[PDB]
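Have a look below at one chain only, the form deposited in one PDB entry, in structure tokens format.
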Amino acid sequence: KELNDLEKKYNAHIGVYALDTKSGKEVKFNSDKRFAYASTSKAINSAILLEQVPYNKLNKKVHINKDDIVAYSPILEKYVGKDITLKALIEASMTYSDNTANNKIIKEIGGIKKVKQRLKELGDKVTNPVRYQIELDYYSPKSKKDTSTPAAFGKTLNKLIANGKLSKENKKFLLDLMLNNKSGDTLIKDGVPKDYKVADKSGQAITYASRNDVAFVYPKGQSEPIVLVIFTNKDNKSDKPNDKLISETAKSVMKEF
């Protein structure tokens, strides 16, 4: 099905950047149009922490103070005044999209300034992180704060995870969290065939039905993943989104690989 026919069918906007790391074949559609990346950045932050903490040092603990707690922290709320390992922080951020965990991970890495530097180093002059969370959910077409283009986020994901500095264990640790993430089931995981393996991380701004999914799809019979980034959104601030729009986009894009 056409991606443009899909925009019309769903009255949404579609940003898609895909890259088969084996052939280098790329599919693109509005790949340079900015969208809010939202909770998808939880995978970039996790990966940057993992670039600098060996897997064996993941048992390191940190203290959770009350001024650390941000909204929607189903896991970290239980840790006020307790110590929590780096491993458990990554798991809560990745698996329960915990906001305190993600903020803390950002803290461990050294703050936004540090995060912004890694990106520039990755050649990613597009992804523009300004706020943390839950404020990272407010999105507006007027501004490009906390927005990125499907191509930019795509190239970045590939260089940090698909081919970066992560050791084998850290990479297995992270991808595993993405393979077992249930929150992504109504998305890309829904649009590829049964034989394909999908390691994803979703996201959702609170405005303009901003719904996204980014993943590492493993073709039935391939070791190299296809990096698939799908950002979508609507025209009304108050628009509710449909996950079927991403499910279907994935089906389309996959016909090219």
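Rigid core here is just the name for the largest C-alpha set that superposes within 1.5 Å across the two forms. One rule holds for the numbers: they count along the sequence shown, beginning at 1. Only residues modelled in both forms are compared.
- Mean CA B-factor, 145-153 versus 115-123: the higher value falls on 115-123.
- Taking the PDB entry as given, 157-165 carries the higher mean Cα B factor of the two stretches 100-108 and 157-165.
- Per the PDB entry, 194 shows the highest C-alpha temperature factor of the residues 57, 33, 63, 194.
- Highest C-alpha temperature factor among 75, 130, 175, 88, as the PDB entry reports it: 130.
- In this PDB entry, residue 234 carries a Cα temperature factor that places it within the middle third of its chain's modelled residues.
- Among all modelled residues in this chain, the alpha-carbon of residue 180 has a temperature factor (C-alpha) in the middle third.
- Per the PDB record, residue ranking by Cα B-factor puts residue 189 in the middle third of the chain.
- Residue 240 sits in the highest third of its chain by CA B factor, as recorded in the PDB entry.
- Among all modelled residues in its chain, residue 11 ranks in the highest third by Cα B-factor.
Beyond what is shown, the protein has a form deposited in another entry; the following relates to that form.
- A 2 Å or larger CA shift between the shown form and the other one, after fitting on the rigid core, occurs at just one of 244, 237, 13, 9, namely 237.
- Core-superposed comparison between the shown form and the other one: CA of residue 47 displaced by less than 2 Å.
- With the core held fixed, residue 204 shows a CA shift of 2 Å or greater between the shown form and the other one.
- Distance between the C-alpha atoms of residue 244 and residue 210: shorter in that other deposited form than here (change of 3 Å or more).
- Panel note: the distance between the CA atoms of residue 210 and residue 113 is larger in that other deposited form than in this form, the difference being 3 Å or more.
- Core-based superposition between the shown form and the other one shows that the consecutive residues, three or more at a time, whose C-alphas shift by 2 angstroms or more lie in 204-210, 235-241.
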